Amino acid sequence: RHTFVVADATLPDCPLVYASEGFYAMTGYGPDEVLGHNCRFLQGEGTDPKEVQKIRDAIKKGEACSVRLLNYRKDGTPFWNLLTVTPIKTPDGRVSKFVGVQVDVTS
Ligand SMILES: *[C@@]12=NC3=[C]C([C])=C([C])[C]=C3N([C][C]([O])[C]([O])[C]([O])[C]OP([O])([O])=O)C1=NC(=O)[N]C2=O
């Protein structure tokens with residue numbers, strides 16, 4: 001059970017440009033509120049800043065990354081998000097998109 005998104009790395013703040021139906025269903029947000037925005041809107045009071053830093057650095061480096069983050073649905077309730085970001089590069093080495101697999105691991 002997992003969800004999938006695509007961020008556009010050609011734009012400076014990596015906006016999400018595509019989300020799977022499960023990502024909407026899992027987070028409670030619609031596309032009108034998801035597309036065009038950075039994924040960090042799912043973060044909140046309990047989100048570990050040291051893990052948010054690992055993703056920021058990997059993205060700045062064009063590296064893959066796997067972190068576990070506390071996220072919040074639209075209704076404010078928390079859930080544990082096992083998130084894996086993969087860079088996609090053009091043949092000239094530039095990163096074009098980041099792709100994310102997100103798993104709710106609250107169990
Ligand atoms: C989010 N999923 C997600 C998926 C992709 C493909 C990318 C590139 C990022 C995310 N994020 C995080 C966010 O966009 C950002 O990378 C980090 O917060 C670090 O940068 P900042 O500026 O905030 O320090 C995801 N973040 C979430 O909280 N939940 C996800 O599902």
Side-chain angles (χ1 to χ4, degrees):
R1 251 64 238 134
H2 67 277
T3 73
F4 177 85
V5 298
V6 179
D8 195 349
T10 59
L11 284 176
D13 203 33
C14 279
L16 302 183
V17 297
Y18 171 74
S20 60
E21 141 202 348
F23 181 95
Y24 299 126
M26 170 186 74
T27 60
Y29 293 103
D32 2 77
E33 339 168 64
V34 169
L35 306 187
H37 302 279
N38 187 279
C39 188
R40 74 173 67 90
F41 68 85
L42 288 178
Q43 292 158 13
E45 205 211 32
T47 318
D48 189 341
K50 168 135 182 157
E51 295 299 313
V52 168
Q53 230 210 229
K54 291 179 184 181
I55 336 152
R56 185 191 320 152
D57 284 2
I59 294 180
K60 266 173 154 129
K61 285 159 151 299
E63 282 189 357
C65 195
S66 194
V67 311
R68 165 186 174 91
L69 281 180
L70 186 57
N71 282 176
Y72 298 86
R73 308 187 184 93
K74 189 180 194 165
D75 70 1
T77 51
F79 74 95
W80 285 94
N81 191 340
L82 172 68
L83 145 77
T84 308
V85 164
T86 292
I88 310 301
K89 351 181 86 131
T90 55
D92 67 51
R94 287 171 94 159
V95 171
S96 168
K97 315 274 163 290
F98 275 101
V99 295
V101 177
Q102 293 82 209
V103 189
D104 179 353
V105 289
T106 321
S107 282

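Count residues from 1 along the sequence. For ligands, and for the atoms within them, numbers begin at 1 and follow the listed sequence. Values below: every heavy atom of this structure, side chains too, minus hydrogens, waters and symmetry copies.
The contact set between ligand 1 and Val99, taken as ligand atoms under 4.0 Å from a residue heavy atom, comprises 6 (C). Numbered from 1 in the order shown, with element, the atoms of ligand 1 that lie under 4.0 Å from a heavy atom of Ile59 read 8 (C), 16 (O). Less than 4.0 angstrom separates some heavy atom of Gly100 from each of these atoms of ligand 1: 6 (C). Using a 4.0 Å cut-off to heavy atoms of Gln43, the atoms of ligand 1 that qualify are 18 (O), 26 (N), 27 (C), 28 (O).
Annotation: atom 3 (C) of ligand 1 to nearest protein heavy atom, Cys39 SG, 3.2 Å. Atom 22 (O) of ligand 1 has its closest protein heavy atom at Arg40 NH2, 2.7 Å. Looking only at protein heavy atoms, the nearest one to atom 8 (C) of ligand 1 is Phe98 CB, 3.6 Å.
Both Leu35 and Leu42 are part of a single hydrophobic cluster, where members link through side-chain heavy atoms under 4.5 Å apart. The cluster map of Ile, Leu, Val, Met, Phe, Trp and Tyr, joined by side-chain heavy atoms under 4.5 Å apart, puts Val95 and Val6 in different clusters.
Between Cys65 and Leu83, every side-chain heavy-atom pair lies at or beyond the 4.5 Å cut-off. Between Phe41 and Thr27 there is no side-chain heavy-atom pair separated by less than 4.5 Å. Contact check for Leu69 versus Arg40: no side-chain heavy atoms found under the 4.5 Å cut-off.
With a 4.0 Å cut-off on non-hydrogen atoms, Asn71 touches ligand 1 through its side chain and not its backbone. Residue-level proximity to ligand 1 for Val85 is carried by the side chain, the only part with a heavy atom below 4.0 angstrom. Proximity of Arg56 to ligand 1, defined as any heavy-atom pair under 4.0 Å, is shared by backbone and side chain alike.
The closest non-hydrogen atom to atom 15 (C) of ligand 1, taken over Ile55, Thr86, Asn38, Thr47, comes from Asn38.
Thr86 places no side-chain N or O within donor-acceptor distance of the main-chain N or O of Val99, the cut-off being under 3.5 Å.
No side-chain donor-acceptor contact under 3.5 Å links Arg94 and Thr90.
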Given salt bridge (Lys or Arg N to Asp or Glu O under 4.0 Å), test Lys54 with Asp48 step by step and report yes or no. CA-CA 10 Å; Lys54 291 179 184 181; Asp48 189 341; over 6 Å; no
